[PDB]
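Take a look at the structure below.
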Amino acid sequence: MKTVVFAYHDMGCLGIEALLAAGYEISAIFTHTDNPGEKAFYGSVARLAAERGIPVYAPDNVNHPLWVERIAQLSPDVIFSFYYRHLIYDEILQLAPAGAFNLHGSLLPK
Amino acid sequence: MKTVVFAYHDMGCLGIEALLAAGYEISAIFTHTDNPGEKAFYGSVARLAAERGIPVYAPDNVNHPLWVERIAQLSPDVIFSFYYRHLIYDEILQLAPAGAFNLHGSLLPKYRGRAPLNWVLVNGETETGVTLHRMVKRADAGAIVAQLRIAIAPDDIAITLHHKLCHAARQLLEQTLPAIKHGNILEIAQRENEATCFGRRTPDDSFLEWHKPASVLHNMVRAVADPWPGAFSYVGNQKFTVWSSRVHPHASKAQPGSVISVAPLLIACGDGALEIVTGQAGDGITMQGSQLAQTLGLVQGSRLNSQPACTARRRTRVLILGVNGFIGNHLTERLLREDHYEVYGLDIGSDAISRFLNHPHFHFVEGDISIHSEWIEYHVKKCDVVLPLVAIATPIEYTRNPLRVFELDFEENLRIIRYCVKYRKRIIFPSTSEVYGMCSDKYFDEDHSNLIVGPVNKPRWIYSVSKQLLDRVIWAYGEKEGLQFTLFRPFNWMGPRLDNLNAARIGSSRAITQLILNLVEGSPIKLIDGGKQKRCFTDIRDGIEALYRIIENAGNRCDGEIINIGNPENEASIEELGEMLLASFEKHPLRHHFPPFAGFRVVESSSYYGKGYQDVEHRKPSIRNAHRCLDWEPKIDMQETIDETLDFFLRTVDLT
């Protein structure tokens, strides 16, 4: 179905591939800005999105109101986030009718 | 089998793994320091060595005598070179009784040199492989021990072909290492007839010429794909990179350069049409082809320039701060007549450049470097390259007035150098062969040989030290302010235009001029210090062709380097006198000139004159310009040099 996926790292590509095999209509992907160099030990979801032809977007600052209205007009039904380092507040939380899920890799709340 | 390994990259890692699997007792591995900015898609040889416990080092220059001594103390048996980015000379290769074997990534002798993978992808080959070969002085010219071949599919990209080359290398090494260990070595001679040597490649080659075939452009894109820098294309004044494309049917009814569709993005070519599947613009992320087209803004009909027009290179400007002299008036010949080049000159006369004064692109201004500092300062800001060929080399000025070898040689050149760091220009500073002084090292190396001078009380060493500290200031400026420079050392550049000075004044820069003087006024051949010393000269044409492509920086190969432009060969002690009569066999006059008698002064005792003259003509290394950059081997001969200098000198004298 119509889904918006915030993707990064290797598991982002893994989830994109899994949903594409499943048959999820990925509306758009929001991707982190590439640092000049920290360590190139992982693939980029942007490469996979470009190869598959499905659109990918990389806003410099996700807090800009215009991008918020763009996300609103895209009308995502379900949002899947895989290690998104940008800041999401309650302003965005009320424009997602079904909510979003974040993947944390430790024994919560520790 | 105590072996020495020069390894780097995935090939180096797999070579170390295979050597340890076979059972070689590796003494030590030499690797390179981590690249400042790149992609870490390959294994580390240093880490592998640390885990295996074999000592590892990363010398800046492994050809230094100290490192050769260390390797010799390591007692080598065989040397293995697995993807070493530097070059190793016979100094090290002779310490291995079994020899040195290099692992190249091409089907030798095809595709010699550097980056075989990218090059074979550019030309779209479908069958390459890895090859182990012996190491001789000519790089990549050793007998093929083993040679595997693998095929290239059209879907193969840089990383996939890299993996295939690595796997082929492993398979080749598994069936070859025991053979070398037990002494079974097969020698298949390289055919020079089918040898093509492709040099180093730079991102500048990644430009996508739209007039080229679509298939060729596709090979260009796939050659430098991820994780290489990538294709290079321009829309207006905006750079964008093609990461993935495919060829379309040649059938079209549109003009070359017209985009036919943006969704999906598809550009046209001379024959065929490239379709950009995946691309990236400037410094960002890779978007869809349609997304890339929308972001760039080009639509159906818009044409893109294959290269940003920099006004046809605008005729790179050369500011020579001495032209009427010897090197200046020959370099001016080289870059005025041949090639386009715009040259500005400044000397105290126009005697030697009278044939260029009315040339379209030669701007001569008379003046001195002491009174016309404003002119120089203005013309370092306008020009592109600077060559300060002002010389004070006369020993008379060394001995009589050493306060002029400083206020004009050191202080003025220092001012000129600081004009090139203030305006961010490129300076090609002429160093001298006198910086070595009385060094005794056989070959006067640029980066290994030491510089020896006499004590302070001798005022004749102030020129060697003044011009030696100027090279240490240019080097310091090129590391803290990124000054782009090159230091060339001409040893014995001689040719027709050298000097007259009314019989060389008192004898300053005598060399051959006094001998030519003897051959006219019936004078005997004097033998100073017995004539035992040998001298090695260099044709001015050789030096000029070597100095021409110092200005013509090919791929910015040797910037911030030192190049000794001389002939280590072409020695002449008695053969100097040999070709005097026989070389002069094409004389048209055949009249008078009174052939001088061969004067003989074999008396060795010259203690009244005093020891300490020091042979002015000593060997050059000619190694940083012979192959490493400038690809310059002194070809000429010993014959035409004299056979033309003597003729020109005789023609210039009216005599009767």
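By order of appearance in the structure tokens: chains A, B, ..., then residues from 1 within every chain, and ligands from 1 in the order shown.
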
Do a neighbour search on residue 83 in chain A at 10 Å with only C-alpha atoms, toss out local chain neighbours closer than 2 positions, and write the hits as number ranges by chain.
A: 6-9, 11-12, 32, 80-81, 85-86, 102-105

Which parts of chain A does DSSP call strand (DSSP E) when run on the backbone here, written out as JSON, numbers by chain?
{"A": [2, 3, 4, 5, 6, 25, 26, 27, 28, 29, 30, 78, 79, 80, 81, 100, 101, 102]}

Pick out the residues sitting within 12 Å of residue 648 in chain B, and hand them over as an MDAnalysis selection string; count only C-alpha atoms, and ignore anything fewer than 6 positions along from it in its own chain.
chainID B and resid 495:498 513 516 640:642 654

Write to file, as a tab-separated table (two decimals), in the first residue's frame, the residues of the selection just made, with C-alpha atoms.
```tsv
chain	number	residue	atom	x	y	z
B	495	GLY	CA	73.94	24.52	-27.63
B	496	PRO	CA	74.22	27.24	-30.25
B	497	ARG	CA	73.30	30.53	-28.47
B	498	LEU	CA	75.16	29.88	-25.21
B	513	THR	CA	83.76	28.09	-26.11
B	516	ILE	CA	86.16	26.57	-30.44
B	640	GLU	CA	74.93	16.24	-33.60
B	641	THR	CA	75.42	18.37	-30.48
B	642	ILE	CA	79.04	19.22	-31.33
B	654	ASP	CA	82.61	36.77	-39.93
```

Excluding same-chain residues fewer than 3 positions from residue 55 in chain A, what lies within 7 Å of it counting only C-alpha atoms, as a ChimeraX atom specification?
/A:28-29,49 /B:288

Please save N, CA, C and O atoms of the selected residues as an mmCIF file, in the first residue's frame.
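Listed below is the output, again_22.cif:
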```cif
data_model
loop_
_atom_site.group_PDB
_atom_site.id
_atom_site.type_symbol
_atom_site.label_atom_id
_atom_site.label_comp_id
_atom_site.auth_asym_id
_atom_site.auth_seq_id
_atom_site.Cartn_x
_atom_site.Cartn_y
_atom_site.Cartn_z
ATOM 1 N N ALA A 28 7.764 8.082 -1.202
ATOM 2 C CA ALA A 28 8.995 8.859 -1.206
ATOM 3 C C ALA A 28 9.884 8.389 -0.065
ATOM 4 O O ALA A 28 9.392 7.851 0.930
ATOM 5 N N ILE A 29 11.190 8.593 -0.220
ATOM 6 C CA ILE A 29 12.173 8.279 0.810
ATOM 7 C C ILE A 29 12.905 9.559 1.180
ATOM 8 O O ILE A 29 13.327 10.321 0.303
ATOM 9 N N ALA A 49 17.254 3.264 -4.401
ATOM 10 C CA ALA A 49 16.066 3.962 -4.879
ATOM 11 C C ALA A 49 16.246 4.429 -6.318
ATOM 12 O O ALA A 49 15.319 4.348 -7.133
ATOM 13 N N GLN B 288 16.637 9.897 -9.109
ATOM 14 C CA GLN B 288 16.206 9.274 -10.351
ATOM 15 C C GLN B 288 16.637 10.127 -11.538
ATOM 16 O O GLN B 288 16.910 11.323 -11.404
#
```

Would you kindly report the residues of chain B within 7 Å of chain A, using only C-alpha atoms, as a PyMOL selection string?
chain B and resi 39-40+278+285-288

Looking only at alpha helix (DSSP H) from DSSP on the backbone, list the matching residues of chain A as JSON, numbers by chain.
{"A": [9, 10, 11, 12, 13, 14, 15, 16, 17, 18, 19, 20, 21, 22, 45, 46, 47, 48, 49, 50, 51, 52, 65, 66, 67, 68, 69, 70, 71, 72, 73, 74, 90, 91, 92, 93]}

Okay, now the selection with N, CA, C and O atoms, as a compact mmCIF listing (two decimals), in the first residue's frame?
```
# COMPACT_ATOMS: atom_id res chain seq x y z
N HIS A 9 21.37 3.51 6.23
CA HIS A 9 22.21 2.35 6.53
C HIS A 9 21.81 1.13 5.70
O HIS A 9 21.07 1.25 4.72
N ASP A 10 22.31 -0.05 6.10
CA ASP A 10 22.06 -1.27 5.34
C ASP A 10 20.64 -1.78 5.54
O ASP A 10 20.01 -2.26 4.58
N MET A 11 20.13 -1.71 6.77
CA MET A 11 18.77 -2.17 7.02
C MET A 11 17.73 -1.32 6.31
O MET A 11 16.63 -1.82 6.05
N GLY A 12 18.04 -0.07 5.97
CA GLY A 12 17.14 0.71 5.14
C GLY A 12 16.96 0.11 3.77
O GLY A 12 15.83 -0.05 3.29
N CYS A 13 18.07 -0.26 3.13
CA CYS A 13 18.00 -0.94 1.83
C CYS A 13 17.30 -2.28 1.97
O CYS A 13 16.52 -2.68 1.09
N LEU A 14 17.59 -3.01 3.05
CA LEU A 14 16.94 -4.30 3.28
C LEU A 14 15.43 -4.14 3.38
O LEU A 14 14.67 -4.90 2.78
N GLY A 15 14.97 -3.14 4.14
CA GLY A 15 13.54 -2.91 4.28
C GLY A 15 12.90 -2.46 2.98
O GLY A 15 11.77 -2.85 2.66
N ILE A 16 13.61 -1.62 2.22
CA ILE A 16 13.08 -1.18 0.93
C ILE A 16 12.89 -2.38 0.00
O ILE A 16 11.85 -2.53 -0.65
N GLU A 17 13.90 -3.26 -0.05
CA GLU A 17 13.79 -4.46 -0.89
C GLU A 17 12.66 -5.37 -0.41
O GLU A 17 11.91 -5.92 -1.22
N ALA A 18 12.54 -5.54 0.91
CA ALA A 18 11.49 -6.39 1.45
C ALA A 18 10.10 -5.86 1.12
O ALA A 18 9.21 -6.63 0.73
N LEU A 19 9.90 -4.54 1.25
CA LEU A 19 8.60 -3.96 0.93
C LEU A 19 8.31 -4.01 -0.56
O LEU A 19 7.17 -4.24 -0.97
N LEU A 20 9.33 -3.78 -1.40
CA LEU A 20 9.14 -3.90 -2.84
C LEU A 20 8.78 -5.32 -3.26
O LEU A 20 7.95 -5.49 -4.15
N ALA A 21 9.39 -6.33 -2.64
CA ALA A 21 8.97 -7.71 -2.88
C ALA A 21 7.55 -7.93 -2.38
O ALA A 21 6.76 -8.64 -3.01
N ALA A 22 7.21 -7.33 -1.23
CA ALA A 22 5.88 -7.45 -0.65
C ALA A 22 4.82 -6.79 -1.52
O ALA A 22 3.71 -7.32 -1.67
N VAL A 45 20.79 4.06 0.76
CA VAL A 45 19.45 3.76 0.27
C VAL A 45 19.15 4.54 -1.00
O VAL A 45 18.32 4.13 -1.82
N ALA A 46 19.81 5.69 -1.17
CA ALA A 46 19.58 6.52 -2.35
C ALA A 46 19.99 5.77 -3.62
O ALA A 46 19.32 5.87 -4.66
N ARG A 47 21.09 5.02 -3.56
CA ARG A 47 21.53 4.24 -4.71
C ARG A 47 20.48 3.22 -5.13
O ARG A 47 20.14 3.10 -6.31
N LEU A 48 19.94 2.49 -4.15
CA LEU A 48 18.92 1.49 -4.42
C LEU A 48 17.66 2.13 -4.98
O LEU A 48 17.06 1.62 -5.94
N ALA A 49 17.25 3.26 -4.40
CA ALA A 49 16.07 3.96 -4.88
C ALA A 49 16.25 4.43 -6.32
O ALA A 49 15.32 4.35 -7.13
N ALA A 50 17.44 4.93 -6.65
CA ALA A 50 17.72 5.37 -8.01
C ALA A 50 17.71 4.20 -8.98
O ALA A 50 17.19 4.30 -10.10
N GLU A 51 18.30 3.07 -8.58
CA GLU A 51 18.32 1.89 -9.45
C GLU A 51 16.91 1.38 -9.71
O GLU A 51 16.56 1.03 -10.85
N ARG A 52 16.07 1.32 -8.67
CA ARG A 52 14.70 0.87 -8.85
C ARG A 52 13.81 1.91 -9.52
O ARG A 52 12.72 1.56 -9.97
N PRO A 65 8.94 24.62 7.15
CA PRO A 65 7.48 24.45 7.01
C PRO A 65 7.05 23.95 5.64
O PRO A 65 6.10 23.16 5.54
N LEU A 66 7.73 24.40 4.58
CA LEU A 66 7.36 24.00 3.23
C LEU A 66 7.45 22.49 3.05
O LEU A 66 6.57 21.87 2.44
N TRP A 67 8.52 21.89 3.57
CA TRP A 67 8.65 20.44 3.51
C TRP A 67 7.54 19.76 4.31
O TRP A 67 7.06 18.69 3.92
N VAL A 68 7.12 20.37 5.42
CA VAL A 68 6.01 19.82 6.19
C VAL A 68 4.73 19.80 5.36
O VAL A 68 4.00 18.80 5.34
N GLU A 69 4.45 20.90 4.66
CA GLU A 69 3.26 20.94 3.81
C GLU A 69 3.37 19.95 2.65
O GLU A 69 2.37 19.36 2.22
N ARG A 70 4.58 19.77 2.11
CA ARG A 70 4.79 18.78 1.06
C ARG A 70 4.49 17.37 1.56
O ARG A 70 3.81 16.59 0.90
N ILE A 71 4.99 17.05 2.76
CA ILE A 71 4.70 15.74 3.35
C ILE A 71 3.20 15.59 3.58
O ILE A 71 2.62 14.51 3.36
N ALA A 72 2.54 16.67 4.01
CA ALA A 72 1.10 16.63 4.22
C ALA A 72 0.35 16.36 2.92
O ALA A 72 -0.61 15.58 2.91
N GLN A 73 0.76 17.00 1.83
CA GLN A 73 0.04 16.83 0.57
C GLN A 73 0.33 15.46 -0.04
O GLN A 73 -0.50 14.91 -0.78
N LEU A 74 1.51 14.89 0.24
CA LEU A 74 1.77 13.52 -0.20
C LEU A 74 0.86 12.51 0.49
O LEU A 74 0.61 11.44 -0.07
N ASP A 90 6.03 16.84 17.88
CA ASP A 90 4.59 16.61 17.86
C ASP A 90 3.91 17.30 16.69
O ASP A 90 2.80 16.93 16.30
N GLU A 91 4.55 18.32 16.13
CA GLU A 91 4.02 19.01 14.96
C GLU A 91 3.87 18.04 13.79
O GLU A 91 2.87 18.07 13.07
N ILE A 92 4.87 17.18 13.61
CA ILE A 92 4.81 16.15 12.57
C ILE A 92 3.94 14.98 13.01
O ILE A 92 3.30 14.33 12.18
N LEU A 93 3.90 14.70 14.32
CA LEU A 93 3.20 13.53 14.83
C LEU A 93 1.70 13.57 14.61
O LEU A 93 1.06 12.51 14.62
```
